Amino acid sequence: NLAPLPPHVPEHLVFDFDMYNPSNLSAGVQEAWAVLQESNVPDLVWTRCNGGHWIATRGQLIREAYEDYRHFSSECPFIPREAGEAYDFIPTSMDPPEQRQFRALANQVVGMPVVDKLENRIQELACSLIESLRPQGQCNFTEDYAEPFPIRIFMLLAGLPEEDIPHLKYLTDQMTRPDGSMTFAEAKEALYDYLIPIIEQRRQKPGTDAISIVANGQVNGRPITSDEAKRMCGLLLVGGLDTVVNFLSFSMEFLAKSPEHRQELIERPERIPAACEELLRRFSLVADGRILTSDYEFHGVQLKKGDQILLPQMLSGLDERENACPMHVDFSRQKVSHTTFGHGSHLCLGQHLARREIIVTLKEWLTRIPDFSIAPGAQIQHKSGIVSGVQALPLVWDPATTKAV
Ligand code: 6HE
Ligand SMILES: CC1(C)[C@@H]2CC[C@@]1(C)C(=O)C2
Ligand SMILES: [Cl-]
Ligand SMILES: [K+]
């Protein structure tokens with residue numbers, strides 16, 4: 001459905017891109033979004049899809065708007081409007097100054113010191129999952145590794161039972177790639193139905209898990225409220241269940257299709273961290289945005305208070321104006337420019353955990369299964385939304401070419 005064109009929007013800026021089902025999707029989701037960077041498309045366009053909103057199509061504008069929280073507010077950060085209105089996670093639904101005091105608590109539970117506490121378990125799980133698949137000569141990568149690896153690390157960190165994964169993963173997916181059976185508000189309320197009793201249990205009887213730490217936390221020296229704790233835990237759950245999960249599949253699909261790049265990392269394993277960064281650029285996958293706090297002329301375009309603007313994190317690094325030959329993967333790329341983990345005051349606090357999970361996966365997969373390919377006659381289908389992903393990734397290999405560690 002196409003929403004009526006607002007009176008202030010000129011026809012020449014209309015480009016009806018659908019972020020939940022882009023027309024070029026069969027080419028790959030990054031490719032589908034990159035249609036917005038064809039030479040005839042303006043830096044800033046209006047789509048009538050998904051209730052109507054602006055889209056910044058170039059890194060320069062995306063960065064500028066993420067920096068300018070005074071004009072571009074995180075209050076309503078998701079499209080469609082009903083989702084952005086319902087979205088109340090902390091700290092990502094707040095602007096500075098209010099936002100900042102909550103970042104330290106989040107950092108405590110998912111940041112670098114916690115990555116250190118989890119290091120051995122991350123390593124052990126990657127190795128065990130991969131060794132279990134190795135002799136089979138095939139896997140369904142999304143279900144067999146991309147999901148269980150990061151999700152089990154998260155459930156461990158959060159002290160939540162693994163048998164709760166199917167329910168939580170379903171709900172989280174309705175917030176990022178809704179199947180239409182639940183509004184964002186309904187999925188949010190269901191997630192809160194889950195979290196509220198657990199938060200009170202852990203305020204009564206604290207453990208050492210992330211939910212206990214948030215629920216008993218202090219925010220600039222005063223106690224967090226039960227409600228604030230719930231809103232922070234919601235963000236942590238969505239980050240844990242729907243980010244790295246999708247990214248690993250883009251990366252493994254690429255490696256399955258590029259024997260040369262696999263060989264590069266096998267021969268020169270020291271390049272794996274740089275490879276991770278270049279894959280984070282090329283297979284960037286997030287697109288949220290902001291709401292205008294006032295009428296504002298931005299790059300020659302009249303924006304009105306209340307207008308939503310999608311600021312795709314994915315697009316900055318794909319912009320030829322930021323990286324030459326942007327669709328080409330070059331592990332030796334000198335300046336890897338991207339906003340994959342966001343930009344401005346809301347830079348991802350989970351990024352150290354994400355990079356560890358990625359780097360461990362690349363190392364431990366290629367150690368055991370250096371030679372693999374896409375299953376015979378398979379056509380890999382992507383999916384688009386707030387976080388984009390891979391529907392299924394069937395891989396095959398000859399077990400004789402593998403190595404048990
Ligand atoms: C378990 C926690 C976790 C994990 C695994 C991630 N994130 Fe992070 N994240 C990302 C973006 C673009 C933003 C800013 C959003 C905005 O400005 O509105 C955040 C912010 C955040 C913030 C503020 C938090 C607490 C957060 N994200 C937890 C978080 C992207 C990512 C990506 C691309 C990955 C993985 C590849 C990721 N996150 C893993
Ligand atoms: C946009 C995000 C990737 C970032 C972490 C999870 C996510 C869906 C959010 O709600 C904030
Ligand atoms: Cl934040
Ligand atoms: K909101």
Side-chain angles (χ1 to χ4, degrees), residues 1-23 32-38 40-89 91-99 175-178 183-185 188 286-316 319 339 342-346 384-388:
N1 309 236
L2 302 175
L5 191 64
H8 67 289
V9 183
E11 168 68 59
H12 72 271
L13 290 184
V14 178
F15 185 107
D16 295 314
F17 183 82
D18 182 350
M19 67 170 287
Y20 290 106
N21 185 32
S23 65
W33 284 69
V35 305
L36 290 164
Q37 297 175 327
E38 290 170 8
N40 66 122
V41 182
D43 288 351
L44 185 55
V45 296
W46 178 268
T47 179
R48 297 179 288 168
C49 298
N50 298 301
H53 62 89
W54 299 101
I55 309 171
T57 66
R58 297 282 175 181
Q60 183 189 73
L61 280 77
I62 291 163
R63 290 166 186 276
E64 285 181 13
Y66 279 126
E67 288 166 18
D68 185 1
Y69 57 83
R70 292 186 163 165
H71 287 108
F72 300 103
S73 173
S74 284
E75 184 173 19
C76 182
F78 276 25
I79 280 142
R81 191 173 303 270
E82 52 263 38
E85 288 179 340
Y87 186 103
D88 70 351
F89 296 154
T92 42
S93 67
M94 294 167 165
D95 300 312
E98 171 177 48
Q99 170 230 200
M175 299 178 199
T176 56
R177 291 178 306 285
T183 59
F184 186 104
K188 194 194 64 162
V286 180
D288 75 352
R290 301 290 185 255
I291 189 172
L292 273 290
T293 61
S294 65
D295 293 354
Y296 183 48
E297 184 186 312
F298 188 62
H299 292 256
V301 180
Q302 184 63 241
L303 312 179
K304 295 279 158 158
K305 182 168 177 167
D307 285 353
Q308 299 188 267
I309 181 168
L310 186 73
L311 300 171
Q313 284 88 347
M314 179 200 293
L315 283 184
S316 306
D319 189 345
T339 54
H343 188 73
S345 62
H346 287 277
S384 190
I386 300 281
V387 183
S388 289

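Position 1 is the first residue of the sequence, and the numbers go up from there.
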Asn1, CG atom: more than 12 neighbouring heavy atoms under 6.0 Å
no
Could you state the interatomic distance from CG (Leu61) to CG (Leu315), rounded to the nearest 0.5 Å?
11.5 Å
Distance, nearest 0.5 Å, that separates NE2 of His299 from CG of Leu44:
8.5 Å
State whether a side-chain donor-acceptor pair under 3.5 Å links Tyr87 with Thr92.
yes
Can you find a heavy atom in the side chain of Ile309 that is under 4.5 Å from one in the side chain of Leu292?
yes
For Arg290 and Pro77, the nearest pair of non-hydrogen atoms, with its separation, is NH1-CB, 4.3 Å
With sequence neighbours left out, which residue pairs that include part of residues 60-87 fulfil the salt bridge (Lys or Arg N to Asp or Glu O under 4.0 Å) condition?
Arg63-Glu322
Say whether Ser74 and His346, considering side chains only, have a donor N or O and an acceptor N or O under 3.5 Å apart.
yes
Side-chain donor/acceptor of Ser294 to backbone N/O of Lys305, under 3.5 Å
no
Could you tell me if the ring centre of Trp33 sits under 6.0 Å from that of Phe17?
yes
What's the spacing between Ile62 CD1 and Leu311 CG if we round to 0.5 Å?
6.5 Å
Distance-minimising heavy-atom pair for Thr339 and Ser316
OG1-OG, 2.8 Å
When rounded to the nearest 0.5 angstrom, what distance separates SG in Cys49 from CD1 in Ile55?
8.0 Å
Note: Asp16-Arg48 ion pair, threshold 4.0 Å (strictly below):
yes
What pair of heavy atoms forms the shortest contact from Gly300 to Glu297, and how long is it?
CA-OE2, 3.9 Å
So how far is it from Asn50 CG to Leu2 CG, rounded to the nearest 0.5 Å?
10.0 Å
For residues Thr57 and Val45, determine if any side-chain heavy atom of one lies less than 4.5 Å from a side-chain heavy atom of the other.
yes
Verdict with reasoning, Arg58 to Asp319, per salt bridge (charged side-chain N to carboxylate O under 4.0 Å, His left out)
CA-CA 6 Å; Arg58 297 282 175 181; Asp319 189 345; 2.8 Å; yes
Between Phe72 and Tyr66, is the ring centroid distance below 6.0 Å?
no
Starting from the C-alpha separation in whole Å, work towards a yes-or-no answer on side chain to side chain contact (heavy atoms under 4.5 Å, CB included) for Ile291 and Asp307.
CA-CA 6 Å; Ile291 189 172; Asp307 285 353; over 6 Å; no
Taking all heavy atoms of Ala32 and all of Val35, pick out the closest pair and write down the distance.
O-CG2, 3.1 Å
How are the rings of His8 and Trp46 set relative to one another: parallel (under 30°), tilted (30 to 60°) or perpendicular (over 60°)?
perpendicular
Are a donor atom and an acceptor atom from the side chains of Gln313 and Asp288 found within less than 3.5 Å of each other?
yes
Counting only N and O atoms by type, is there a donor-acceptor contact under 3.5 Å from the side chain of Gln302 to the main-chain atoms of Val9?
no
Rounded to the nearest 0.5 Å, what's the gap from CG on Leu13 to OG1 on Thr47? Could you check?
12.5 Å
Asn21/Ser384 under side chain to side chain contact (heavy atoms under 4.5 Å, CB included): CA gap, chis, key distance, verdict:
CA-CA 6 Å; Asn21 185 32; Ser384 190; over 6 Å; no
Shortest non-hydrogen contact from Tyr20 toward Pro178
CE2-CD, 3.8 Å
Which heavy atom of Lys188 sits nearest to which heavy atom of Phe89, and what is that distance?
CG-CE2, 4.3 Å
Would you please say whether a donor-acceptor pair under 3.5 Å links the side chains of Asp95 and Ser73?
yes
Trace of the side chain to side chain contact (heavy atoms under 4.5 Å, CB included) decision for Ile386 with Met175
CA-CA 8 Å; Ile386 300 281; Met175 299 178 199; over 6 Å; no
Quick one: does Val387's side chain get under 4.5 Å of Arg177's, heavy atoms only?
yes
Please report the C-alpha distance between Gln99 and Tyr69 in whole Å, then the side-chain angles of each, then the deciding distance to 0.1 Å, and finally whether the side chain to side chain contact (heavy atoms under 4.5 Å, CB included) criterion is met.
CA-CA 11 Å; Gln99 170 230 200; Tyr69 57 83; over 6 Å; no
